[PDB]
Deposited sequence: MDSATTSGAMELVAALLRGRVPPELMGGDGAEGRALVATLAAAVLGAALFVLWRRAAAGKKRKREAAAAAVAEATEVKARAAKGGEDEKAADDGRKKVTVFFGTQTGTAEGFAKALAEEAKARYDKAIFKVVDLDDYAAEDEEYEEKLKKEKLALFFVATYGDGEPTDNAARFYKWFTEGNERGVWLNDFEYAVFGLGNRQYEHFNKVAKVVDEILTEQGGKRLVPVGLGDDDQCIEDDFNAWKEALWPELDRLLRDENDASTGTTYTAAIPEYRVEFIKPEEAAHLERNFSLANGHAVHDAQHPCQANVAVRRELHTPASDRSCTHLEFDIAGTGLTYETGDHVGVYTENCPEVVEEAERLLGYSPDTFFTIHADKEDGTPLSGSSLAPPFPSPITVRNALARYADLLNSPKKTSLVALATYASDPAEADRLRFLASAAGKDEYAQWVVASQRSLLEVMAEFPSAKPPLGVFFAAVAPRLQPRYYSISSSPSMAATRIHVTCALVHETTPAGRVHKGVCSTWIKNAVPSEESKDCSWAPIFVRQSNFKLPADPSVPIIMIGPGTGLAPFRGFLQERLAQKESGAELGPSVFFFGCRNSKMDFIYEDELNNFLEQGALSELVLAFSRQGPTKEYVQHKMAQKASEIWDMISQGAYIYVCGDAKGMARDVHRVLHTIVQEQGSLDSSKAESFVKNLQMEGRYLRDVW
């Protein structure tokens, strides 16, 4: 019932979205909010509190040397083991103030000197490479310096920051489902430059959550809702363009549920065009069936697709945007809103760059005018991005 403070909501359904032939995974999850004061609007975000994997917690317990059977008041009582699971960010990289604190408690002079060094101005380049670039966890830094043994209070006050909640762009509309909060969540699983195997904290928890639809002893999590400006226009007559691939599809599923929801009790839809992208029609084409239904009805006018690993061609959403550069510019002159959701470092940037180019050819403006023009779709509120 608060952004800072969560509501114990349960997991009703949890399903894999990829096919058994997919090499990756994407979970569809539904939070049951019946009887909770939680309310949400299309395009809003849901924050989720999660916990650490037990192996990671155990490595911390090894390193810290506490009795897990100690109870204590995190600034009502809790055990060391549960505090590490739910309140300690163990896997991100220690800030410099956290290294300072470890050094204070490092009984090896050389280890204590190295910790203090990495936190000093003199050590900034080294910190950037050995800690940040390599994505070394608090648990690794601590193993590198085993004489650093901070007391329980310091550890939670200065060494480990709290385990932040993870945000997901809600993928359902309240009209279609006012009792369920829908999330679409890619399983994260990387290897750091230093070679640590990292399981995404919240995306692994979601992947393995037990839903009430398969057992009574079901999973639950403290959730909460964050209002966003990623909202549909006032009236359906306004034409809209939705661009996100992969999990960038999430908000638009709510968008299409909302169009349809209004559509049953309302006016004709404006043209809807959705650019989707994924690896293979037979692997990660999440929500395929639902999308064709949205087409059979009037929810979405059209669904361009981009498959980047299936077939000879590496097709991306922006590549499918340039081919359709004529129709979308017409959409702009008709007053269309444009939505971009998904990966922020590559796709959004690439899509942003493509957008600037399309106006030049289909608008006859120079680079500066195009830039100012696009900047002005943003200010007007017609160009929206939900990226991460």
Per the record, deposited positions without any C-alpha are 1 to 299, 375 to 393
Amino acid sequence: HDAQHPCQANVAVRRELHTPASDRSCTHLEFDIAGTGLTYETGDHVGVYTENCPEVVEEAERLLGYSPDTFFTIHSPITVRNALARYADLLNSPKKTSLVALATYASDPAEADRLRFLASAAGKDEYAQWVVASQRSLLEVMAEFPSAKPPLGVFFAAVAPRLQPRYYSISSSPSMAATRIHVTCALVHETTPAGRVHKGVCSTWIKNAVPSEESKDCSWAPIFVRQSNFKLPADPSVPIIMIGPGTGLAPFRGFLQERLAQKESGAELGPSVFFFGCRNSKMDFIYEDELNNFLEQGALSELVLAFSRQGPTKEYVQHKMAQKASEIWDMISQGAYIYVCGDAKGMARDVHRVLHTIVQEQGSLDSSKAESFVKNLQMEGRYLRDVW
From here on, numbers count along this sequence of modelled residues.
Looking only at C-alpha temperature factors in the entry, 313 to 321 or 133 to 141, the higher average sits in 313 to 321
Compare the mean C-alpha B-factor of 113 to 121 with that of 211 to 219 as given in the PDB entry, and name the stretch with the higher value. 211 to 219
Note to self: of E58, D69, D330, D343, the C-alpha temperature factor tops out at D330
If you check the C-alpha B-factor for each of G246, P151, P236, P161 in the entry, which is highest? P236
On the chain's distribution of Cα B-factors, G35 falls within the third called highest
Ranking the modelled residues of this chain by C-alpha B-factor as given in the entry, is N52 in the lowest, middle or highest third? lowest
The third of the chain into which the C-alpha temperature factor of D284 falls is the middle
Please place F294 in the lowest, middle or highest third of its chain by C-alpha B factor as given in the entry. highest
In terms of its chain's C-alpha B-factors, the third that includes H356 is the highest
